[PDB]
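Contents: one structure, followed by commentary.
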Amino acid sequence: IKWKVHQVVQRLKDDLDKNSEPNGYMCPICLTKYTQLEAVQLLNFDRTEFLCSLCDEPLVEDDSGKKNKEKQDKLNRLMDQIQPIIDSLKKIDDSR
Amino acid sequence: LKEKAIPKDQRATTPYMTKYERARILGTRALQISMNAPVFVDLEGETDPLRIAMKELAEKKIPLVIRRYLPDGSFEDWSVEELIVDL
Amino acid sequence: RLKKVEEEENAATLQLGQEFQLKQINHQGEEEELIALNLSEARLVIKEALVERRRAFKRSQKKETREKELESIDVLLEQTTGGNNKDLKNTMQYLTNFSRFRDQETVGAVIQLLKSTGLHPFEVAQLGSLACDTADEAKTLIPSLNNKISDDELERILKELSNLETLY
Amino acid sequence: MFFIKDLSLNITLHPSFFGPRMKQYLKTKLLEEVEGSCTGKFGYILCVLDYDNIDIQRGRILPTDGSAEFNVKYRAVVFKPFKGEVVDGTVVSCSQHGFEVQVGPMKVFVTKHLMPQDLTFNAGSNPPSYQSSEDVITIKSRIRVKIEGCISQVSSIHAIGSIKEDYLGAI
Amino acid sequence: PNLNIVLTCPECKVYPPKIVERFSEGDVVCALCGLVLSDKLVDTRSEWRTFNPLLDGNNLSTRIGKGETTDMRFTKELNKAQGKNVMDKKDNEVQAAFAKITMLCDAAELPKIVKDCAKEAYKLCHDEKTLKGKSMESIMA
Ligand SMILES: [Zn+2]
């Protein structure tokens, strides 16, 4: 249980830390993930759309930057739910 | 480490340029004639690069130097001029 | 070799680079320490090699005035290389615009002070690269300046470094 | 940043150029492939130091091609990017999601989430500028920027920057 | 991705180009200009000189047995293990039907084409609510 809760805390915290950063870009043709810093060099000659190396197709920004507050809220609500478990673990650490 | 070379004096190799590096130096001179690097011996109308190389070696003005190895890793240096084409 | 991770954050608080060690070895077999150069002295020393290679090419066909220099070395560099080094013109412009001292002898006297003081090389190279005059706002700007050096001694060297430099 | 280090670099040369005056020819070669070069390891390479007494001293002919190579040890001035240093760079181009500051070799860019929200951004500007008291992109455009990381990749080097710090951004 | 390579002479451009193949040297040349496009062709006959998948489907059939440099004690284990994965696929029933229609067609001395066409006919539907069992022999008949 201790390893499970610690892995939940660390995985959700790192997921929240990543998801607080903005999205990146999506190519609907090849259906693959892209990041903003990877898309820095994906600008075209005229800075209008984000050019694709394979599809030569514009890149559109994903929908996860507003999932920052959703991951935060899930973390907080789950933390509230497991707070009796955290208190019980504290009392176990008090005990033998 | 310790400069990995030897001075041109007290060289203990043979002073006789032998067959394999003979072949190599002929082939290289064929390459310089192949891509029109300047000749040094005068022409007599022949256009064969191997003939040009043979004549240049015979008159002994080939502008190349040769490096030999030893099992340690240190190397010697020689010029083709100070060798003597004897076989 | 085993991916050689060596994860180091780069910072001014003696958080060094992975290749830019303090101690190397040189081609002669002698120990080559790290060399870092400040903005002013870099802008001074580049012109030595610039005029040296210009007179070197002049001898090849034979066989401080920064307003002059930004166009002069542009002409010299487009003479031998192409016009692609507008980036280099920008870097020398940075070298000559925000350098703490325009002249050479003030920087040289600063170096003559520093060879006797024996300060930390990277620290004082960072100090020479930056252009500030008062130690406490320098400290609040850079936490390396906050933690590495006492503010009183920092100020007592900062004033005798800042009196020489041409104010902007 | 602007640093000095001994560097050894190997260069090759076509066998048709085996004239008497090839040392200076090699020197000219060294100038054009040293100048205007940015590497991942040492950032951008500016120019060369100690033009005289340069050391080349020997070359090897390739066995299969007449080309011969030559290693050159030299002193040079280079720019080395780093993380977390306040610099007073200049801005040339700007975007709506953020201005693109040209600090020497880099084009350091600040993404829309790293500008402070108390900066009074106005969208109706040509170019779009983020000004509050005096930090306006101009012909000078001197803006205090901190590169908290320069992201070197396959060789289109970009640096990330921030002005989320007191006196940073404003001049 | 568009998964596409198109070949065009970079110096004629009159159409999708009138090009030919020199298989005796394995190269391709735009017949108008006379320049190569690419080299080192891969043969298209030597593989047929070297050595029913459509009816056995995408999953591939494998009969297993014994050899010379093996042991009877474990090839009998193999002979009783060869049926441990016939229930994972319906292809055991597909090949049972294939075997039974083989029985039938060769019993009526029908040729290979008739056998494979009956295999095709079973593989066509092989499963509907219209099929619905019906003695499992009516469908093959
Ligand atoms: Zn053609």
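Labels used: A, B, ... for chains in the order of the structure tokens, numbers from 1 for residues in each chain, and numbers from 1 for ligands as shown.
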
Spatial neighbours of residue 77 in chain D, max dist 6 Å, only C-alpha atoms, sep filter under 4 positions, as a list in words: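 The contact residues come out as residues 3, 4, 46 and 47 of chain D.
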
Fewer than 2 positions away in the same chain doesn't count, so skip those; otherwise give me all residues within 8 Å of range 33-42 of chain D, counting only C-alpha atoms, as a PyMOL selection string. (chain C and resi 81+84-85+87-88) or (chain D and resi 29-31+44-48+78-80+152-153+155+157)

Mind dumping the selected residues with C-alpha atoms as a PDB file, in the first residue's frame?
ATOM      1  CA  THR C  81      34.481  34.863 -46.090  1.00  0.00           C
ATOM      2  CA  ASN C  84      26.596  35.146 -43.707  1.00  0.00           C
ATOM      3  CA  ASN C  85      28.269  36.340 -40.489  1.00  0.00           C
ATOM      4  CA  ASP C  87      25.479  36.744 -36.549  1.00  0.00           C
ATOM      5  CA  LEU C  88      29.173  37.464 -35.918  1.00  0.00           C
TER       6      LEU C  88
ATOM      7  CA  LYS D  29      40.232  27.002 -45.677  1.00  0.00           C
ATOM      8  CA  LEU D  30      40.527  27.062 -41.877  1.00  0.00           C
ATOM      9  CA  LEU D  31      39.044  30.560 -41.888  1.00  0.00           C
ATOM     10  CA  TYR D  44      28.670  29.178 -31.816  1.00  0.00           C
ATOM     11  CA  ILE D  45      32.273  29.556 -32.974  1.00  0.00           C
ATOM     12  CA  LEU D  46      33.087  33.199 -33.606  1.00  0.00           C
ATOM     13  CA  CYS D  47      36.599  33.585 -35.021  1.00  0.00           C
ATOM     14  CA  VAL D  48      40.215  32.474 -34.701  1.00  0.00           C
ATOM     15  CA  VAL D  78      33.563  30.823 -29.032  1.00  0.00           C
ATOM     16  CA  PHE D  79      30.219  31.533 -27.394  1.00  0.00           C
ATOM     17  CA  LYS D  80      28.963  28.949 -24.911  1.00  0.00           C
ATOM     18  CA  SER D 152      20.641  22.383 -28.365  1.00  0.00           C
ATOM     19  CA  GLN D 153      19.281  19.662 -30.630  1.00  0.00           C
ATOM     20  CA  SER D 155      21.624  21.678 -35.310  1.00  0.00           C
ATOM     21  CA  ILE D 157      19.779  25.708 -31.807  1.00  0.00           C
TER      22      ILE D 157
END

Per-residue nearest contacts of chain A to chain D (10 Å; only C-alpha atoms) as a Markdown table:
| residue | atom | partner | partner_atom | distance |
| --- | --- | --- | --- | --- |
| A:20 | CA | D:113 | CA | 9.8 |
| A:21 | CA | D:113 | CA | 8.1 |
| A:22 | CA | D:113 | CA | 7.7 |
| A:36 | CA | D:111 | CA | 9.0 |
| A:37 | CA | D:151 | CA | 8.5 |
| A:38 | CA | D:153 | CA | 9.4 |
| A:40 | CA | D:158 | CA | 8.0 |
| A:41 | CA | D:156 | CA | 7.1 |
| A:47 | CA | D:95 | CA | 9.0 |

Please write the residues from the selection above to a file, keeping N, CA, C and O atoms, as a CSV table (one decimal), in the first residue's frame.
chain,number,residue,atom,x,y,z
A,20,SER,N,0.7,20.8,-16.7
A,20,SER,CA,0.6,22.3,-16.5
A,20,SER,C,1.3,23.0,-17.6
A,20,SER,O,1.0,24.2,-17.9
A,21,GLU,N,2.3,22.4,-18.2
A,21,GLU,CA,3.0,23.0,-19.4
A,21,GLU,C,2.0,22.9,-20.6
A,21,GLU,O,1.2,22.0,-20.7
A,22,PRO,N,2.1,23.9,-21.5
A,22,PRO,CA,1.2,23.8,-22.7
A,22,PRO,C,1.5,22.7,-23.6
A,22,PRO,O,2.4,21.9,-23.4
A,36,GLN,N,6.0,21.7,-28.2
A,36,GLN,CA,6.2,23.1,-28.6
A,36,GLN,C,7.6,23.3,-29.0
A,36,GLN,O,7.9,24.0,-30.0
A,37,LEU,N,8.6,22.8,-28.3
A,37,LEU,CA,10.0,23.0,-28.6
A,37,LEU,C,10.4,22.2,-29.8
A,37,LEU,O,11.3,22.7,-30.6
A,38,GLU,N,9.8,21.1,-30.1
A,38,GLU,CA,9.9,20.4,-31.3
A,38,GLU,C,9.3,21.1,-32.5
A,38,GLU,O,9.8,21.1,-33.6
A,40,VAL,N,9.2,24.4,-32.6
A,40,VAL,CA,9.9,25.6,-32.8
A,40,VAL,C,10.6,25.6,-34.2
A,40,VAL,O,10.6,26.6,-34.9
A,41,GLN,N,11.2,24.4,-34.5
A,41,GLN,CA,11.8,24.3,-35.8
A,41,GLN,C,10.9,23.8,-36.9
A,41,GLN,O,11.3,23.7,-38.0
A,47,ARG,N,6.2,31.8,-41.2
A,47,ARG,CA,5.7,31.8,-39.8
A,47,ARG,C,4.2,31.8,-39.7
A,47,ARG,O,3.6,32.3,-38.7

Two-atom distance - CA of residue 51 in chain A, CA of residue 33 in chain A (Å): 14.2 Å

Ligand 1 neighbours within 7 Å using only C-alpha atoms and all ligand atoms, as an NGL selection string: :E and (9-12 or 30-35)

Store the residues picked out above in a file with C-alpha atoms, as a compact mmCIF listing (two decimals), in the first residue's frame.
# COMPACT_ATOMS: atom_id res chain seq x y z
CA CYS E 9 13.24 12.50 -64.45
CA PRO E 10 14.60 15.75 -62.97
CA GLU E 11 15.41 17.09 -66.45
CA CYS E 12 12.52 16.20 -68.79
CA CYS E 30 14.42 8.13 -68.70
CA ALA E 31 14.31 7.17 -72.37
CA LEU E 32 14.18 10.78 -73.54
CA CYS E 33 17.16 12.25 -71.70
CA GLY E 34 19.15 9.05 -71.26
CA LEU E 35 19.99 9.56 -67.57

Compute the chain A side of the contact with chain E at 7 Å, counting only C-alpha atoms, and hand it back as a list in words.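 Only these qualify: residues 29, 30, 54 and 55 of chain A.
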
Dump of N, CA, C and O atoms for the selected residues, as a tab-separated table (two decimals), in the first residue's frame:
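Once written, out_38.tsv looks like this:
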chain	number	residue	atom	x	y	z
A	29	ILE	N	-3.01	13.94	-39.90
A	29	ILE	CA	-2.75	12.94	-40.93
A	29	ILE	C	-1.96	11.77	-40.35
A	29	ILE	O	-2.38	10.61	-40.45
A	30	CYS	N	-0.80	12.05	-39.75
A	30	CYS	CA	0.03	10.98	-39.21
A	30	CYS	C	-0.39	10.57	-37.80
A	30	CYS	O	0.05	9.51	-37.34
A	54	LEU	N	6.88	15.28	-42.69
A	54	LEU	CA	6.38	14.21	-43.54
A	54	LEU	C	5.15	14.63	-44.34
A	54	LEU	O	5.15	14.56	-45.57
A	55	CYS	N	4.10	15.09	-43.65
A	55	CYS	CA	2.83	15.34	-44.31
A	55	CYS	C	2.77	16.68	-45.02
A	55	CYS	O	1.88	16.87	-45.86

Taking only C-alpha atoms into account, which residues of chain C are within 9 Å of chain D, as a ChimeraX atom specification? /C:9-12,17,19,26-27,34-39,42,45-46,48-50,52-53,56,60,80-82,84-95,98,129-130,141-142

Write the selection just made, keeping C-alpha atoms, as a CSV table (one decimal), in the first residue's frame?
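Writing done, so here's out_18.csv:
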chain,number,residue,atom,x,y,z
C,9,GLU,CA,22.6,21.5,-13.7
C,10,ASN,CA,24.6,24.4,-15.1
C,11,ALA,CA,24.7,27.4,-12.8
C,12,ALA,CA,27.0,30.3,-11.7
C,17,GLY,CA,30.0,22.3,-17.3
C,19,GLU,CA,33.3,19.4,-20.8
C,26,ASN,CA,47.5,20.2,-23.2
C,27,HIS,CA,49.2,19.0,-26.4
C,34,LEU,CA,40.3,26.4,-17.7
C,35,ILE,CA,40.4,29.8,-19.5
C,36,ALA,CA,37.4,32.1,-19.3
C,37,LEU,CA,37.4,35.6,-20.8
C,38,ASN,CA,35.3,38.7,-19.9
C,39,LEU,CA,33.3,40.8,-22.3
C,42,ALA,CA,37.4,39.7,-25.3
C,45,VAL,CA,41.9,41.0,-27.7
C,46,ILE,CA,39.9,40.1,-30.9
C,48,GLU,CA,44.7,42.2,-32.1
C,49,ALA,CA,44.2,39.0,-34.1
C,50,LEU,CA,41.9,40.9,-36.6
C,52,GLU,CA,47.3,40.8,-37.4
C,53,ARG,CA,45.5,38.6,-39.9
C,56,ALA,CA,49.1,38.9,-42.8
C,60,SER,CA,50.4,37.5,-48.6
C,80,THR,CA,37.7,36.6,-47.2
C,81,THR,CA,34.5,34.9,-46.1
C,82,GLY,CA,30.9,35.4,-47.1
C,84,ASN,CA,26.6,35.1,-43.7
C,85,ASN,CA,28.3,36.3,-40.5
C,86,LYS,CA,25.7,39.0,-39.6
C,87,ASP,CA,25.5,36.7,-36.5
C,88,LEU,CA,29.2,37.5,-35.9
C,89,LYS,CA,28.5,41.2,-36.4
C,90,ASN,CA,25.8,40.9,-33.8
C,91,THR,CA,28.1,39.0,-31.4
C,92,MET,CA,30.9,41.6,-31.7
C,93,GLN,CA,28.2,44.3,-31.3
C,94,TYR,CA,27.3,42.7,-28.0
C,95,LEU,CA,31.0,42.5,-27.2
C,98,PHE,CA,27.7,46.3,-23.1
C,129,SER,CA,31.2,40.0,-18.2
C,130,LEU,CA,28.4,41.6,-16.3
C,141,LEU,CA,20.2,39.6,-9.1
C,142,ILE,CA,22.6,36.6,-8.9

Residues of chain B that have any atom at most 9 Å from an atom of chain C: could you tabulate them with the shortest-distance atom pair and the distance in Å to one decimal, using only C-alpha atoms, ordered by chain and increasing number, as a tab-separated table?
residue	atom	partner	partner_atom	distance
B:1	CA	C:29	CA	7.7
B:2	CA	C:29	CA	8.6
B:3	CA	C:28	CA	9.0

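Taking CA of residue 65 in chain A and CA of residue 128 in chain D as endpoints, the distance between them is 23.2 Å.
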
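The spacing separating CA of residue 87 in chain B from CA of residue 18 in chain B amounts to 6.4 Å.
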
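Shell of residue 50 in chain B at 12 Å, with only C-alpha atoms counted and residues fewer than 4 places along the chain excluded, is residues 23, 24, 25, 26, 27, 28, 29, 30, 31, 32, 33, 34, 46, 54, 55, 56 and 57 of chain B.
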